Each structure stands twice: as C-alpha cells, then as structure tokens.
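Peer 1: Can you look at this? It's an experimental structure, sequence on top.
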Amino acid sequence: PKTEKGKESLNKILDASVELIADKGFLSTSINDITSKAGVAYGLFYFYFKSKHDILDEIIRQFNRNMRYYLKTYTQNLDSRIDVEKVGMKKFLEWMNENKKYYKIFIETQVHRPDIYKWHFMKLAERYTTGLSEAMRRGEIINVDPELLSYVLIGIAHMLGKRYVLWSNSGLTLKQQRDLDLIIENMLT
Amino acid sequence: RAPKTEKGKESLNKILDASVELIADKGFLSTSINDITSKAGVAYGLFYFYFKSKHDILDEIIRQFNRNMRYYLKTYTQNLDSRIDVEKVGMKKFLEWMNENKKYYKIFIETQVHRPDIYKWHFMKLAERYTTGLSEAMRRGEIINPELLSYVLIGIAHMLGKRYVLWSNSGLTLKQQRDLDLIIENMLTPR
Amino acid sequence: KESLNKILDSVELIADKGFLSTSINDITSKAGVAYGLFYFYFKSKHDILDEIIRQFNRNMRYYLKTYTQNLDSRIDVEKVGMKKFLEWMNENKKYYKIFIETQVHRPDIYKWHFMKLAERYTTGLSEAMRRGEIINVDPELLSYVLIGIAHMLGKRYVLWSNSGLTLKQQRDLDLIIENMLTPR
Amino acid sequence: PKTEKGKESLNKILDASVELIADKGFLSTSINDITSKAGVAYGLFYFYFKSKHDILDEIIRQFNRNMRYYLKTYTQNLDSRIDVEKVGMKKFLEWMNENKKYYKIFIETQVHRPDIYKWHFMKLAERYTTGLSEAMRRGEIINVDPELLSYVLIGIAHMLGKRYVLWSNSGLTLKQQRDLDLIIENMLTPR
Amino acid sequence: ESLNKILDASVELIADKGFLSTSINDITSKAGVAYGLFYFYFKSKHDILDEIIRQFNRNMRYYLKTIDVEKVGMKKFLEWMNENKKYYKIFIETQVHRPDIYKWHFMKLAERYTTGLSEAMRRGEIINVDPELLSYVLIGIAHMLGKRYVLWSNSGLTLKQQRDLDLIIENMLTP
Amino acid sequence: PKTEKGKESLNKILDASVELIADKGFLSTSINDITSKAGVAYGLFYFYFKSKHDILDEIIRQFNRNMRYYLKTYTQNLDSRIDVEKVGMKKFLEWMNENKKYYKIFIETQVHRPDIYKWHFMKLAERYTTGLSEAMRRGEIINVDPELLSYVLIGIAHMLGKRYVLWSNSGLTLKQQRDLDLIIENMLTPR
DNA sequence: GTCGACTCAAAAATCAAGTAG
DNA sequence: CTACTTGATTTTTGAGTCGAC
DNA sequence: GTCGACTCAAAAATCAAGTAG
DNA sequence: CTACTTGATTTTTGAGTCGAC
C-alpha cells in the first residue's frame, strides 16, 4: 500500500471484485475472474489480500467508510440534530439508489462472511450512538438510551432502502418526501 | 397444492414440518429432497406431488410463518385502547414472538438468497394489512399523517429483533422497554 | 477406489431390510456418497446383487475347500465340510441373507449357485462311491440331499436363531452324515 | 364372509391370485390383474383383503393345511417310522408336482412375507419333532436331537422339491426313487 | 473429452496470443475446464507445446505425400496454409522456443525440393543453378507470401495477383 | 539524453544489451545482467529506458537505420533496377555476416515485440513498392503487382539470411553468388 | 476424473537519497 | 336394515435420468 | 469422478354411490 | 539549479502445488 502504484493496483483488484460479486456472487467468482478484470497478475491478489474471504471484509469496510463520509459531508451544518437526521435520511436514499446493484454483495456477505455483516451495523450504530448522545444532553432530542435509538433510525433507513430504493425504480413522491420529514421531527421533542 | 383427502393433508404436513426443521438446522442447500422425505417418512416422489420444485417449499414455509405471526399480533391488538396502544404492544409482543421463533430465522436469511420474491412478499403483504389499519386510524384522528408509515414501523421491529433478540441473545432491559413506548407516543401524538 | 467400497459397505442395508426395502437413497446416504455416484459405478439397482454375490462365491469356495483338501474317507470329508459350512455361514450371515434375496430378484444366479455347487459335489461323490466308500446311489440325487441338509440347518440354526449348533447337536449331525453315507 | 355369496366371491379373488402370483410373480401381479382375471370389481379385493401382502398370508395358510392333510392320509397306514418317512418323502414330491402353483408362491414368501415363510417350517417341524421323538423312544429311528432331525428331513424334501419339481418338470426316475428310499433307510436305521 | 477440450482452446489461444501471452488459466477457462485438470493430463506448460508441434508435424508429412509443378504446388501450399492457419502460427513461435524444430522443418522441406529440382535441370525444364539455393528461394517466397497474404491478413491473394505470381515463377525458371 | 557524459552511459547500456540479448536470449537476460555488463547502477537502465521491452524497440530502430544507410551506399549511385536488386541482395547478406548479433535480436522480436517486427517488413515493403512502380512503366522490371513483388524479393533475402548466414556461417560460394544473380535477372526480364 | 483456492522463486519496476557539472 | 359391489379418483412408490461442479 | 434436483411409469389405496339380500 | 547516479526496496509475474470432493 506504500507506493502510489501499489495503492492503485490494490484499488484495481477491489473495484474488480465488487462488479463480479455483485453479478455472479462470491462462490462463482474465482481469483482468475478478479485479476483478469483488473488486468493484473494472478498472484497479485495474494500480495494485497490473505485469502478469498478477506476481499469481502475489505469490500464491506469500504461500503461503510464511503457511505459514512458521504453522509457526514451533508450534515456539517446546523447544531440541531433534527436537521442532521432530516438530510441524513433523504441523502441515504440518494446514495443507495446510486449503489443499487451493490446490495447483492450484502446478501452474499450474510452467507459467506456473516460476522463482517454484523460489523457494518455495529460500527454504523457506534457512530450513531456517540453522535446522538451529544445532542441528547443539549436537550434537542429525546432523553432515552442512545444505542437503542441508533438501531431504530438505522432500521427505518434499511427498510426504506428495501421498498422505495430496491423494490421500486420510481422512488418517493414529493408529498411522501414531505411526510417523511415530519415523522423524524415528531419522535424528537 | 393438492389438498383433497385428510390423508393427503396429513402427508403434505409431514413434508412441510420436516422441511421447516431441516432448513432451519442446516440451510436450503445442505437439505436434500431425500432429507425432507426421509424425516417425513414418505416416498421420495411424494414431495413433487405437493411441490413443483424444491424452491417452492420456501414459498409455503414463509406463507405459514407470515400468517401465524399476523394471527399472533392480531390476537393481542383487537381489544386495546386505540392505535397509540396498538403499536405499543404490537412491537412489544413481536420481540417476544421472535425469541419463540429464534431457531427458524435461519430460513428467512436463505429466503433473501434463494426465493427473494417471497421475501419481498413477506413485507408487502404485512404492509398491505398495516396500511388498512393506519388509514382508518387517521380517520379517527388518533394518529398523525399512509403506506410509508407502515414500512417505518416494520423497520423498527425488523432491526430491534435483529440486534436485541438474535445477536445479543439477552433481550431488552426494563429501562429500554419503557424508552420504546415513549418513541411510539412521540411519533403518533402531534408534539 | 474407496468410493466404490463405501457404496458396497449396501451389504449392511440389504441384509437387514432386504433388497426391496433398500433404496439407492438408503445406500448412497449410508455410504456418505452422492446419489448419482451409485449409477457411475452400477448400471441398475440389480447390478449391486451381482457384485455382492460375486464376492460371496469367491469368499466361500476359497474358505470351504481349505479343510476338505486332504482328508482320507469322503464320509470324513462330508462330516467336516458340513461343520465348516455352518461355521462359515455364521461368520458370513450378511452375505447369505443377500444370497437368499437372489431367489426372487435375480433367480438365474440362485439356480446357478446350487447347480454349480452340485457339480463339485457329484464329482467327488461318484468317485468314492465306485471305490466303495459311499452308498451306491445317484451321485446327483445324494449331492442335493447333502446340499439341502446344509441349507436347512443353515437357515434354522444360523439365520433364524443367532445361536448355532450345540456340541451335542454337532455330534448328532455327525452321526446322521455317517449313518446315511456308510454302506451296510 | 357372513354370506355364502361373500365366501363365493372371496374364492374367485383368491383362486385368480394363486394362478397369477405363481405365473408372473408377486411384484408383476397388480390388484387390477387379480380382479380382472377373477371377473370382479377392482375395489372388491379390498372388501375381503387388507392389502396385497395380506393375500399371501391366506394362500400360505391354505398351502400348509392342504399339504399336512394329504401327507397325514398316506402316513396313517404304516406303523414303522422308517416306512412312514420313506412314503411321506415320495408322497411329498408327488403333492409338489400336483401343487406347483402353491409351492411357487411359497418361494416368493421368503422375500415378501418372511414371517409366514418361517412360520410354515416351524409349525411343520413342531408336528414332526413330537412324531420322531416318540418313534425314538420306541427305538425305531436313531437317538439324535429330534428337532435337528426334523429340519434334516424337511431340508431334503424342500431341496429335492426345488431341483426335481420346480427347476425341472421331469421328476425322479425309478432308479432315483429307489436310491432316495435307500438314503432315508440308511440314515434313520440304527446300527 | 476433457483432454481434447483443452487442446482445442490451447491451439486457438497460442495462435492468437502466443505461447507466453497464453496462461494455463486462459486455456482452462476457454476450454471450460478446472485449472488443476490441465496438470492431470500435461505435467508441464512446455509439454502441451511439444504435443501441438508433434500434431503439426503429422499434418505437414501428410501434405508432403502427394515447371508447372512449382507453379501450382506454390498456390496449393498457400491454400493449405490458409486451412492450417492456427497450426502454422504456433510453428513460427518455435524459432525462439525450440529452434531445432524450426531449422529441421525447413531443412527437410529443402531435401524434398532439391532432389525434385535437380531432375528438372537435367531435363532442360529449369535453368542450371545450385539446387540447394533454388529450393530455399521457392521456400522463402512461400513463407513470406503466406506470412503477409495469409497470416498477417485474413483477405487472401486474388486471381489478379495469383496470375502475377505464376509470371514470377515462370520468368526465374524458364531461360 | 542531455550531456555527452550522460549519452555515454546510454550507449554503455545498449552495447551491453545487444551483447546479452543476442547471446542467451531476451528472457534469460536480466536488467541486473545488463547494468553489471555496462558497469553501471541498476536503476540507471530505467533512467534511459521506459521498460525492459523498450530496449528491443531502440535496438531494432538502430538495426533498421543502419541497414537502410549501408544498402543505400552501394545502390544510390546506379541506373538499372535489375542491377539495384543484384547489388542490394549480395550486400544485404554481406551486412549480416558482419552483424550476426543484430539479426539474432530481430528473431527474438517476433515473440516479444511482434508490433515492431511486423512494422519492419511493412516499411521495408514501402521502400520497395515506390521504387518498383517507377521501374514498372520504365520497362526495366516485369509487369506484376508492386506489393506482391516487394515481399517476394524480401522473402528470398530473409530465407537466405537464415540458412547461409545464421545457421551455417560458411556464407555463399562464388558459384552460388553468380547463380543467385541469374535468378533475380531472369525474374525481372520483361519477355 | 473434476475442481478452484493458494504458493513461490524469480526478476521486473520504483523509490528515497545521494553526487556530478 | 346389513351385506356385498362397483369404477373413477386420489395418493403413493422408488428407480433412473439429467446437467452441474 | 462427484454431486443432487427432478422426471416418470406405473401401482396401491380410497371412497362416493350404488345394488343385492 | 539541472542532470546523472546508486542499490536496497517494493511490486509484478504466472507457472506449478495443494487438498477436496
């Protein structure tokens, strides 16, 4: 990972892996299938990665960092948490629609590496707990358990991403977009 | 698919029950039609007399589980003091039901992979029978503004069962139990 | 070669529940082998009997002829031969139980076993008879008499009851073989 | 069996079964094959019989009775056990050719109804033992385990019945009949 | 079937890409067979080339068992080369990999040419020159025209250039 | 290159590369092998050259220019195209007897850089085609296709260059030298 | 017989860290 | 009333096949 | 060579719906 | 400042191996 070319090649393999696993799955994807996509040598996969299941771990970790950083970009504004959660919900549906064909990796994760599947949620919840408890003491949001509410807010985003993002190409209507914002505002008094 | 004689209904159930325990224990792949029919104590071919494909057993396993969860939740909600108290124990007893049906979640994981259409159906039928319950509750003025509200409440139950019932294997504390009802109260009463 | 041997070990199943009640699923499951792998090694369910009875004929004729190979009087050959048969058949209870299944499922093999066994018997019997060792009778008829006695006591005292023959009973049988074959 | 018409029709089904099972085999014969030959309704078989296997149990119980009676007929005259056995053996092989059908079915039994197969030899040996043992006390035949001798004689009859009655329509030549008469004489006559 | 499935994919890939630019991974995937299945049949990657070359030498000997002769036999060689495209391309690769086979092939092609050439010189059919040289002139002409008009281009020669080639053969052989 | 001191080290690499690639082949030749032969630092090779494969491109560029100029010396000052080919052929073979190592690397090119290999024959044909078309109308050489006759002349040169130069080293005898000229003369005589 | 993951000795390409002119 | 009779409907049965890894 | 879903050609059981005695 | 130099260091290569069905 030291050299600029070194970190480039690692990203050639990783971006090749996400396309194949999202199309044919983990089982069907061979190391040859990956390196041939990346246009690199066969043994180069084993230079950057320990084994085949280790690519999924690194795929999930990037499909967490790249999401959380994207959401933190649109939530650097107003000190009020209700405003943070108002944008953080709609922009999550915007990002999931961009990475629509990339949810099939999670299905393949719950099968082959289910431990790193639990990790994505627990790490997302960890940054939704410490960041939520800040606004809690500030009396902006409800004084309850911070960890408990994190899963409630994630669970809503998860289910919406299933129905309006994955199970429908149409998405959300303007009236429903407004309706959603009040639901967030209501359970934060 | 073919329910005429009570013996046919008996044999279909011998198959369906064996499938439920086997898929839960070792998954859809590791379970063979021989495993299903041997445990059921019926002819190998008999599985095909009632089920077109091996995949079609997941369809009827989900249907039976969905209907039995819908009845379990319909039982504890028909008496309650308006919609605000309906979602109060509707969520509460779902987390109790999920610990009773802890072993049989392995099936629902497989569903998302092998038969994702009946996985999609599970939520869409539950949402269709939730929307009717919310449309006439807004008509009374008990709860705030339709279909979107159904999925939101589903996702709360879905994720809490995933974490506090499945992963933690302990449950919810008395403190956290009370905290839940407040989220329900604040989300339905216009504050 | 282990996979074919895993399949063949079939013997346990057919001897206990019988050829009919034994399925390919039963055989392949017990063997811890794929259903289809049975058909890679065997043409049909019936072909397994042929291969089992192939081993059964080999195991027997080799063991049974080891003790009769040197004795003086043919009466002593039969007295011992009978004892060594009932002894072998207790050691190979499974293989015989499968051989019994043949009379319905592969009758041509069953009929052949007895006929080929009669040929080995008649050969030696006709010989000693002409010498004056054995009663002068039809060598083929007497051959089936001793084959019948062996098969019946094998059924009753080995298969139908795991016990066997008592030392007292063994002497009684030895007397029966002697009395019958010794010319007056 | 309450009516005389009932007993009449049962025999129609029974006789066709004997004729068919003997000819084509137990597996090859269907209930339709029996009822059509019998010239009766398909379902009528089930009015008199529990299952296809249950008809074997009745065919063998008649086979045991009819053979035991025929053999009692000729063995009653002689009051010399060696002569009783000499005749009984010939008379058995005679009855065998006369009842090839019934005996051919008895062979199938060892695989389809092994319980009644074992039963026949056991019932036959029990009646044989008490007869031989009494004749041993009279000092007519050798003093050996009577049960053992019962099976020795039974096994001879059975095997000769296979080779010289089933496997070949020929039978025993006068030389072979005389030779067999000697084998039984030499074997039972004490020295 | 598996061993033959390999060779078909193996020949088609080594022809287009070349021995080095073709990996066992490329071969097995084109053949629709497991990676390890290659090593079950062939003990080495060098060994599969030996067999393709051994197969090519069989096809060459079969053709070699058959003034105007050098005119038609020239066009018949290029017609054979177009039908054996993939196999000749693998033979060109031998020059670097196993140079002994490349040298021997041309040397044996010279022997058969020379003996048949020296008989026509005596008869007065063709002009008196070195028989070893004249043969290599005809060999080189074939190898070059086949390299350009058959191997480097899928097109061909055309009846316009076909007649022009016979005019080249005639002029250099008839005085 | 910039300095005459720097350009001095570029030729130290090239004149060491030629000596190794022609001897033990491109594959067996390493950068550590080249740099050590040049008596320089490892990386210095990459300072003057893009990649290992690019050294082949420069060596063949020099090989192409050196031959184009050497043959020009003896053919530039001529009138008859038939005689241009006669001199051109003999001096081509004379050049390779001196430059054996340079042609050996051109053989390695077919396998490692077939792009520059196919370019050489395609550009050598372009020099011939232009020169032939001028002599076609002048009545010097025979009336055929210019591209066809270009490769024909190339093929005779290429083949002889392997057999009498690379494989034997013995070269052509004075009888063979004269016999060859007769072939080229006969070929291009418009009869 | 079939499979596809993982090893390993080579030798490329690339640096940080210097010195010449 | 019970005792037989009917055939079409229904359920049952493994062995053998098939394309896949 | 190894794997397991799936077809298939019969059958055995049923049972409503009757007729005989 | 630029042009050149140095060699350990980091990356790449794809054949051959490895168990396991």
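Peer 2: Here it is on my side, so go on. Residues are numbered from 1 along each chain as shown, chains lettered A, B, ... in the order given.
Peer 1: Near DNA strand G, which residues of chain A? Just list them.
Peer 2: Within reach of DNA strand G by CB under 7 Å from any atom of the strand, chain A has these residues: A:3-5, A:29-32, A:42-43, A:46, A:51-53. All C-beta spots, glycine's among them, are computed from the backbone N, C-alpha and C.
Peer 1: Contact partners for the residue of chain A found nearest chain C?
Peer 2: For chain A, the residue closest to chain C is residue A:27, as judged by CB to the nearest CB, at 18.4 Å. The contact partners of residue A:27, by CB atoms under 8 Å, 6 or more residues apart in numbering or on different chains, come to residue A:112.
Peer 1: Next, give phi and psi for it.
Peer 2: phi -50, psi -60 (degrees, to the nearest 10).
Peer 1: before we move on, back to that, between the residues of chain A next to DNA strand G, which is nearest DNA strand I?
Peer 2: residue A:30 (16.3 Å; CB to the nearest atom of the strand).
Peer 1: Just the residues of chain A next to DNA strand G: which are in helices?
Peer 2: A:4, A:5, A:31, A:32, A:46, A:53 (DSSP state H).
Peer 1: And the buried ones among those residues, selectable in ChimeraX?
Peer 2: Buried members of those, defined by 16 or more other CB atoms under 10 Å in any protein chain shown, are picked up in ChimeraX with:
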select /A:31,32
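Peer 1: Of the ones in helices among the residues of chain A next to DNA strand G, which fall within the contact range of DNA strand J?
Peer 2: A:5, A:46.
Peer 1: need the ones in helices among the residues of chain A next to DNA strand G in CSV with distance to residue A:147, can you?
Peer 2: Below are those laid out as CSV (distance: CB to CB, whole Å):
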residue, distance to residue A:147
A:4, 40
A:5, 43
A:31, 39
A:32, 44
A:46, 39
A:53, 29
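Peer 1: Can you name the residues of chain A sitting close to chain B?
Peer 2: A:107, A:110-111, A:118, A:121, A:142, A:144-145, A:148-149, A:151-152, A:154-160, A:162-163, A:167, A:176, A:179-180, A:182-183, A:186-189 (CB under 8 Å from any CB of the partner chain).
Peer 1: Can you flag the buried ones in the residues you listed?
Peer 2: A:107, A:111, A:118, A:121, A:142, A:144-145, A:148-149, A:151-152, A:154-160, A:162-163, A:179-180, A:183, A:186-188.
Peer 1: contacting residues around whichever residue of chain A sits closest to chain E?
Peer 2: Residue of chain A nearest chain E, by CB to the nearest CB: residue A:32 (4.8 Å). Residues near residue A:32 by CB under 8 Å, 6+ apart: A:42, E:25, E:29, E:35.
Peer 1: neighbours around the residue of chain A at minimum distance from DNA strand H, how many?
Peer 2: Of all residues in chain A, the one sitting closest to DNA strand H is residue A:28 (7.1 Å; CB to the nearest atom of the strand). Other residues near residue A:28 come to 11 when the count uses other CB atoms under 10 Å in any protein chain shown.
Peer 1: quick one: it from chain F, how far?
Peer 2: Look at residue A:28 and chain F: by CB to the nearest CB, to the nearest Å, they are 35 Å apart.
Peer 1: One more: residue A:170?
Peer 2: From residue A:170 to chain F the distance is 52 Å (CB to the nearest CB).
Peer 1: mind checking the backbone torsions on that residue?
Peer 2: According to degrees, to the nearest 10, residue A:170 has phi -60, psi -40.
Peer 1: neighbours of it, just the number please.
Peer 2: So residue A:170, with other CB under 10 Å, has 6 neighbours.
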